[PDB]
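Q: Each residue of the first sequence is one higher than the one before, counting from 1 in the entry's author numbering.
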Amino acid sequence: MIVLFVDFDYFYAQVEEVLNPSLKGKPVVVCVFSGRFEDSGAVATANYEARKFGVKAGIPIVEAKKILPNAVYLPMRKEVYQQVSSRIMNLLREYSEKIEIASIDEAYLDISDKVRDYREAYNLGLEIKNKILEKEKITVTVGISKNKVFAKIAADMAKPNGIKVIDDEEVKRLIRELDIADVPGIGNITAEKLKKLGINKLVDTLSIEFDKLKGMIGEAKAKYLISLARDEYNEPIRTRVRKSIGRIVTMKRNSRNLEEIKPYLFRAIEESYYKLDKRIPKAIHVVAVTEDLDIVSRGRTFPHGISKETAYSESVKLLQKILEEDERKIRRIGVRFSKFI
DNA sequence: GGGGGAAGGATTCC
DNA sequence: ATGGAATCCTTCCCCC
Ligand SMILES: [Ca+2]
Ligand SMILES: [Ca+2]
Ligand SMILES: [Ca+2]
Ligand SMILES: [Ca+2]
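1) Given 7 angstroms as the limit, tell me if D326 has its C-beta closer than that to any heavy atom belonging to ligand 3.
2) Report the partner residues of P75 according to the DSSP bridge assignment.
3) Going by other Cβ atoms of all chains shown within 10 Å of its Cβ, with 16 needed for buried, is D292 buried or exposed?
4) Is the closest heavy atom of ligand 1 to the C-beta of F37 under 7 angstroms?
5) Tell me whether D292 counts as near ligand 3, meaning its Cβ is closer than 7 angstroms to at least one heavy atom of that ligand.
6) Given this structure, state the Cα-to-Cα distance separating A121 from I144, to the nearest angstrom.
7) Would you report the Cα separation of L197 and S86, rounded to the nearest angstrom?
8) List the endpoints of the continuous alpha helix (DSSP H) containing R176.
9) Would the C-beta of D211 count as close to ligand 4, meaning under 7 angstroms from any of its heavy atoms?
10) Give me the residue from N147, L318, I101 with the minimum Cα distance to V241.
11) With a cut-off of 8 angstroms on the beta carbons, I'd call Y108 and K148 a contact; round off their distance for me.
12) Where do the N-terminal and C-terminal ends of the alpha helix (DSSP H) with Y95 fall, by residue?
13) Got a sec? Which residues, its chain only, sit under 7 angstroms from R267 by beta carbon, not counting five neighbours each side?
14) What did DSSP end up calling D204 once you bin it into helix, strand or coil?
15) Heavy atom of ligand 4 less than 7 angstroms from the Cβ of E100, yes or no?
16) Which residues does DSSP list as the beta-bridge partners of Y108?
17) Can you tell me which of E38, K78, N257, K66 puts its alpha carbon nearest to the alpha carbon of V30?
18) Under 7 angstroms from any heavy atom of ligand 2, does the C-beta of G187 make it?
19) Using only the alpha-carbon positions, how far apart do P160 and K24 sit?
20) Output the distance between the C-alpha atoms of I99 and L92, rounded to the nearest integer angstrom.
21) Between the C-alpha atoms of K152 and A229, what's the straight-line distance to the nearest angstrom?
22) Closest to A46 by CA distance: which of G162, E38, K214, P60 is it?
23) Leaving out five residues on either side along the sequence, give the residues of the same chain with a beta carbon under 7 angstroms from the beta carbon of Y233.
24) Report buried or exposed for residue 352, applying the criterion of at least 16 other Cβ atoms within 10 angstroms of its Cβ.
25) Looking only at DSSP bridge pairs, what is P69 linked to?
26) Suppose you measure from the CA of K114 to the CA of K201; what does that come to, to the nearest Å?
27) Three-state secondary structure (DSSP) at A57?
28) In the DSSP assignment, the alpha helix (DSSP H) including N234 goes from what residue to what residue?
29) Quick one: residues in its chain with C-beta nearer than 8 angstroms to the C-beta of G305, no 5 flanking neighbours on either side, listed in chain order?
30) When the Cα of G218 is compared with those of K193, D231, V289, which residue comes out closest?
31) Measuring alpha carbon to alpha carbon, tell me which residue in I237, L276, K329, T239 is nearest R336.
32) For a minimum of 3 consecutive residues, which ranges assigned as the beta strand (DSSP E) are wholly contained in the stretch 274–312?
33) Which stretch, first to last residue, makes up the beta strand (DSSP E) that contains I245?
34) Mind checking whether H285 and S297 have CB atoms under 8 angstroms apart?
35) Please classify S315 as buried or exposed, where buried requires at least 16 other C-beta atoms within 10 Å of its C-beta.
36) For my contact list, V43 and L74 are in at a C-beta cut-off of 8 angstroms; report their separation, rounded to the angstrom.
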């Protein structure tokens, strides 16, 4: 088996540049504002110009500005970035029929019955970096190896505009010498847990009793890491299917006033129901971010589908269970439809 | 002893 | 300090 993984370089910022080529060479930060105060909000992504000074995804806009006051701060235009991605995904389906669109800027190609050896692989890699650069004027990074995970690690190593092949013998030196926090699925919480278990490199999972491992990181992560380390991971490329839609908005100010919140809550629903297309969810969740950035949500499943009018009614109820049950002020409120028929 | 769901929270990734 | 979505984990639930 051979996986070719494609990762679109500094994606949103790169789109804003493509759409205004004057931006190239300049620090570019794609911002998501919140309209509480003037520069309230957070950073979505930024180019490598900006990123080289610590301006990354997730920091507040405010921080970013202290660091690079004269950078180009642009507001997020997701609709736009979505149409552009789509076109590249269509283009991608013209190389393998076996394709997993994993995110707005990521995809996996199964190219086993379409190439022999990593030399051919590598070449088809170049054909795609190219075709995209020509068609949609976008740089990407490509990773090639035997499974999705090592395909994706390969890409992570070559970013940006890179390409990298991990062969089977290097996969082995990796398992020995790769930091576990660098494995996909291992956020900061899981990395630290493993540290305490004295698990630093992929190989360390073999030296520990499965039950203790399972006890610390759950059964799924457990078997995931273990199979990865045994050179036995081989999960299949398949058409991902969208299982929930939803909106979340930030309120001008934190509050516990039902009548103050509702106008944000219904706007979330309006946007949500627009985003639904013609899909009918059986389920609805009302999602609150309390003042301390904790998250809490009540939901409900129907035996039928949920009309806009009905969803209004239930969301108001579910909002109340929150305010009743939880005792915090609420900073953000949104909705999420799922269980579509 | 176990299969489903369903709900609430956890964690991750882009 | 945003906003979107997936996955997995525990408990609870009903019932066989
Ligand atoms: Ca990317
Ligand atoms: Ca990581
Ligand atoms: Ca909590
Ligand atoms: Ca990425």
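Built from N, CA and C at the ideal position, the CB exists for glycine as well.
A: On the basis of the supplied data:
1) The residue you call residue 326 lines up with position 326 of the first sequence. It does not: the Cβ of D326 is nowhere closer than 7 angstroms to a heavy atom of ligand 3.
2) Within the first sequence, residue 75 is the residue found at index 75, counting from 1. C31.
3) Taking the first residue of the first sequence as 1, we reach residue 292 at position 292. Burial state of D292 is exposed, judged by a 10 Å Cβ sphere holding fewer than 16 other Cβ atoms.
4) The count along the first sequence starts at 1 and reaches residue 37 at position 37. No, Cβ of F37 sits at least 7 angstroms from all heavy atoms of ligand 1.
5) Here residue 292 refers to the residue found at position 292 when the first sequence is read from its first residue. Every heavy atom of ligand 3 is 7 angstroms or more from the Cβ of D292, so no.
6) The sequence position of residue 121 within the first sequence is 121, counting from 1. The sequence position of residue 144 within the first sequence is 144, counting from 1. Each residue's Cα considered, the two are about 7 angstroms apart.
7) Translated into the one-based positions of the first sequence, residue 197 becomes position 197. Translated into the one-based positions of the first sequence, residue 86 becomes position 86. Going from the Cα of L197 to the Cα of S86 covers about 42 angstroms.
8) Locating residue 176 in the first sequence gives position 176, counting from the first residue. It spans 168–177 - the alpha helix (DSSP H) in which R176 sits, taken as one unbroken run.
9) Here residue 211 is taken as the residue at index 211 of the first sequence, counted from 1. It does not: the Cβ of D211 is nowhere closer than 7 angstroms to a heavy atom of ligand 4.
10) Within the first sequence, numbered from 1, the residue matching residue 241 stands at position 241. For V241, the nearest C-alpha among the options comes from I101.
11) The residue you call residue 108 lines up with position 108 of the first sequence. The residue you call residue 148 lines up with position 148 of the first sequence. Rounded, the Cβ-Cβ distance is 5 angstroms, consistent with contact.
12) As a working mapping, residue 95 is identified with position 95 in the first sequence. Looking at the DSSP string, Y95 is not in any alpha helix (DSSP H), and its letter there is neither H nor E.
13) What you label residue 267 is simply residue 267 of the first sequence in a count that begins at 1. Cβ within range, chain order: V249.
14) Locating residue 204 in the first sequence gives position 204, counting from the first residue. Reduced to three states, the DSSP call for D204 is helix.
15) Working through the first sequence from its first residue, we reach residue 100 at position 100. No, ligand 4 has no heavy atom inside 7 angstroms of this Cβ.
16) Taking the first residue of the first sequence as 1, we reach residue 108 at position 108. According to DSSP, which records beta bridges pairwise, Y108 is partnered with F5, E100.
17) Within the first sequence, numbered from 1, the residue matching residue 30 stands at position 30. Per the Cα distances, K78.
18) Counting from 1 along the first sequence, the entry for residue 187 is found at position 187. Yes - ligand 2 has a heavy atom lying nearer than 7 angstroms to the Cβ of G187.
19) For the purposes of this step, residue 160 is identified with residue 160 of the first sequence, where counting begins at 1. For the purposes of this step, residue 24 is identified with residue 24 of the first sequence, where counting begins at 1. Their backbone Cα atoms lie some 15 angstroms apart in a straight line.
20) The count along the first sequence starts at 1 and reaches residue 99 at position 99. The count along the first sequence starts at 1 and reaches residue 92 at position 92. When rounded, the distance between both Cα atoms is 8 angstroms.
21) Within the first sequence, numbered from 1, the residue matching residue 152 stands at position 152. Within the first sequence, numbered from 1, the residue matching residue 229 stands at position 229. Computed Cα separation, rounded: 16 angstroms.
22) What you label residue 46 is simply residue 46 of the first sequence in a count that begins at 1. Measuring from the Cα of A46, the nearest candidate turns out to be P60.
23) What you label residue 233 is simply residue 233 of the first sequence in a count that begins at 1. Cβ within range, chain order: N147, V149, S227.
24) No statement about residue 352 is possible, as the shown extent of the chain runs from 1 to 341 and does not include it.
25) Taking the first sequence and counting its residues from 1, the one referred to as residue 69 is at position 69. According to DSSP, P69 bridges with nothing at all.
26) Start at 1 with the first residue of the first sequence, and residue 114 comes out as number 114. Start at 1 with the first residue of the first sequence, and residue 201 comes out as number 201. So the alpha carbons of these two residues sit roughly 34 angstroms apart.
27) Counting from 1 along the first sequence, the entry for residue 57 is found at position 57. Note: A57 maps to coil in three-state DSSP.
28) Residue 234 sits at position 234 when you count from the first residue of the first sequence. Looking at the DSSP string, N234 is not in any alpha helix (DSSP H), and its letter there is neither H nor E.
29) Indexing the first sequence from 1 puts residue 305 at position 305. So the qualifying residues of the chain are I280, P281, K282, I341.
30) The count along the first sequence starts at 1 and reaches residue 218 at position 218. Nearest option by C-alpha distance: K193.
31) Along the first sequence, read from residue 1 onward, the residue named residue 336 stands at position 336. It is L276 whose Cα lies nearest to the Cα of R336.
32) 281–290, 295–301
33) As a first step, residue 245 is located in the first sequence; it is residue number 245 there, counting from the start. First-last of the beta strand (DSSP E) with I245: 244–255.
34) As a position in the first sequence, residue 285 is number 285, starting the count at 1. As a position in the first sequence, residue 297 is number 297, starting the count at 1. Yes, the Cβ-Cβ distance between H285 and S297 is below 8 angstroms.
35) Working through the first sequence from its first residue, we reach residue 315 at position 315. Buried is the call here.
36) If you number the first sequence from 1, residue 43 lands on position 43. If you number the first sequence from 1, residue 74 lands on position 74. That pair is no contact at about 11 angstroms.
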